[PDB]
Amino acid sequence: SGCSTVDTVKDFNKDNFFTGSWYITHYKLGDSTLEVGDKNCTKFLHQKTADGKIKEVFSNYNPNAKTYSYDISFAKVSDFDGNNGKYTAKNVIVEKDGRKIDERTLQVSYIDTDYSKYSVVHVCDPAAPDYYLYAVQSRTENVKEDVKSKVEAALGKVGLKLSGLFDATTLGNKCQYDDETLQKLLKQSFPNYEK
């Protein structure tokens, strides 16, 4: 039952983490074998402002269907678990123009990160525990060769191996990212969630 609890990064430096963008390079979604509809290229853009708001905008592109989906996580600094890389966010699935399609609560747990290259995350919805995500994330489109070992270890903690995830860098050539929508939605106002 429920979302798994996983150990997370101690002394999480929010300032150094929530800036710039991330590419999702590898991931396991749920228990069943992955269908092509859930094989995507995801890039996200995020920020922490002085008011203490954290905002994270995702572009998810499915090469098989050649379609995009977008979602946004909203959180506040006081939603974090002390000094650890663990927090709850309201995540809103939205149209390109920001119109709300659906919303959910996501418990986020950062297993590890070096801030400037890679992070390893577990994301889960308490209302839909069957939807859980283990993700490898990079500051570049591919994982830097010199941190592969660090990523492998992090996945070790949670009973996983890289070759055990879907490698999104296999989509590779067909991958694309809606950078302009990312930038636009990040700056756009959402008074219903930014409160």
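When you see a residue number, it is the position in the sequence shown, counting from 1.
- Higher mean CA B-factor, judged across 186-194 and 3-11 from the recorded values: 3-11.
- Stretches compared: 157-165, 34-42. Higher mean C-alpha B-factor in the entry: 157-165.
- Highest C-alpha temperature factor among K66, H26, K144, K48, as the PDB entry reports it: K144.
- In the deposited coordinates, the residue among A135, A128, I54, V57 with the greatest CA B-factor is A128.
- When the modelled residues of the chain are ordered by their C-alpha B factor, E103 lands in the lowest third.
- Remark: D114 belongs to the highest third of its chain, ranked by C-alpha B-factor as recorded.
- Sort the modelled residues of the chain by CA B factor and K90 lands in the lowest third.
- When the modelled residues of the chain are ordered by their C-alpha B factor, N16 lands in the middle third.
- When the modelled residues of the chain are ordered by C-alpha B-factor, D71 sits in the lowest third.
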